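In order, the protein sequence lines correspond to chains Y and F. Plus 1476 on top of the position in the first sequence (first one is 1) and you've got my numbering. Plus 26 on top of the position in the second sequence (first one is 1) and you've got my numbering. Heads up: the structure comes next, in structure tokens.
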Amino acid sequence: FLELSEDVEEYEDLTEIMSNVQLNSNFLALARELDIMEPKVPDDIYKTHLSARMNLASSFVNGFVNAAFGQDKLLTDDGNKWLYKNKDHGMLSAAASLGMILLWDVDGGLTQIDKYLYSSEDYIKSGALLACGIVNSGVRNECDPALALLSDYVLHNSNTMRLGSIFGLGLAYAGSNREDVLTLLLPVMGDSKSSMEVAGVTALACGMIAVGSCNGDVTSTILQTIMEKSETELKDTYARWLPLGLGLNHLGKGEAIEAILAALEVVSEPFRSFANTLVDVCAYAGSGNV
Amino acid sequence: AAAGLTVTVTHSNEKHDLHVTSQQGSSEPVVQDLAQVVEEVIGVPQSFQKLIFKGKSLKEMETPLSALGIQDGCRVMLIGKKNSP
């Protein structure tokens, strides 16, 4: 999104078409003109002519097929029944798949997710928040409903709710580089109560928001969080998102990565050798550096 | 002495450019007045209706949105289900 002033002519249409407001309308219109609108069932994708996780995968692939469409009664009419039948951790992913179906569909998606927002299960609530984030992802909005919708959940004490809200805000403000979103999510990065993977998801959201921006405060927060976290618990299985955020923030820049790696040199080898390589390759992507 | 102001309310693919004014003795349109207009037009109760402006959450019923920064050309998002008691 290019943030400019209204002094230019037809600024409303310019910012709308930059915001991709008519993206969804045109995409649905062309899908209908191709007759490619019917919701394709994961079952007849599977060709069943001849289980909780398998059903979860079926829901996910249904969401993938019907993504950006917002036309799927399988999770709309009996969606509550499907999530209730679902087991353990998959209700969040099912709601996120519904948001995938409704992505780029701001108006319809928000209304059809408002009912699931007040769901009982924490997983369903977090999935609904992530669905909202997916819906507003990519497409820009004048009033930006995601920032207001994710108000308590942004720093909510519950790990799953906070994770859903954080991933949603990351997907929404991805490329927005919004100062307000950054100044609201980086303090959430600074939280110590959140788990290691929660901090990793915060780093991922910050990186996808400030991708290719060289956001110095984001980098400093990343490094400070890495330092404050002890190395033994750092290098287990989930700190691999902080270097990813660094690489996103310095994407396509190069050269200056020497300062970042010198700052990171204090880290122990098992994670430093991974993180510096990751951030270097992400910064030098699309260059052909033999 | 009507304090008219233009707001673009959007919900459920449906958009209205409403010229709303303060009605309950306030010098400027407020959350109470906007909620009353929304309830008259649709009927969503103030408990579960969600008005979103500039990504700022509406939680206080007495906060003046005119002071919060609504001007002409501003757009707001309405979230909820149209209830027909």
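Using N, Cα and C, we set each Cβ at its ideal position, and we do this for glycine too.
- Of the other Cβ atoms in all chains shown, 16 or more fall within 10 Å of the Cβ of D1548 (chain Y); this residue is therefore buried.
- Under the three-state reduction of DSSP output, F79 (chain F) falls in the strand class.
- Restricting attention to Y:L1499, Y:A1533 and Y:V1537, the CA atom closest to the CA of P1515 (chain Y) is found in Y:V1537.
- Cβ contact annotation for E86 (chain F) (same chain, cutoff 8 angstroms, sequence separation greater than five): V57, in chain order.
- Short of 6 angstroms from the beta carbon of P1719 (chain Y), and not among the five residues preceding or following it, lie these beta carbons of its own chain, in chain order: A1751, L1754 and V1755.
- A distance below 8 angstroms between beta-carbons, with the five flanking residues on each side excluded, links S1481 (chain Y) to the following residues of its chain, in chain order: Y1487.
- Note on geometry: alpha-carbon atoms of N109 (chain F) and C1608 (chain Y) lie some 22 angstroms from one another.
- From the beta-carbon of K1549 (chain Y), no residue of chain F is found nearer than 8 angstroms; the closest lies around 17 angstroms away.
- In the DSSP assignment, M103 (chain F) falls within the unbroken beta strand (DSSP E) covering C100 to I105.
- Chain-order list of chain Y residues neighbouring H42 (chain F): empty, with the shortest C-beta distance near 13 angstroms, by a criterion of under 7 angstroms.
- Taking every protein chain shown into account, the CB of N1612 (chain Y) has 16 or more other CB atoms within 10 angstroms, so this residue is buried.
- The beta-carbon distance between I1736 (chain Y) and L1722 (chain Y), rounded to whole angstroms, is 6 angstroms. This is short enough to meet the 8 angstroms contact definition.
- Judged by DSSP secondary structure, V1497 (chain Y) falls within the alpha helix (DSSP H) whose first and last residues are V1497 to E1509.
- Between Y1714 (chain Y) and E1704 (chain Y), the alpha-carbon positions lie close to 15 angstroms from each other.
- Judged by DSSP secondary structure, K1601 (chain Y) falls within the alpha helix (DSSP H) whose first and last residues are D1598 to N1612.
- The three-state secondary structure of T1659 (chain Y), taken from DSSP, is helix.
- The C-beta of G30 (chain F) comes no closer than 7 angstroms to any C-beta of chain Y.
- Residue-level contact check: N39 (chain F) touches chain Y, since one or more beta carbons of chain Y fall below 7 angstroms from its beta carbon.
- Contact between the stretch 79-97 of chain F and the stretch 1620-1627 of chain Y is established, with three or more Cβ pairs separated by less than 8 angstroms.
- In this structure, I1685 (chain Y) lies away from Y1629 (chain Y), with their beta-carbon atoms at least 7 angstroms apart.
- When the Cα atoms are used, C100 (chain F) and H37 (chain F) turn out to be separated by approximately 15 angstroms.
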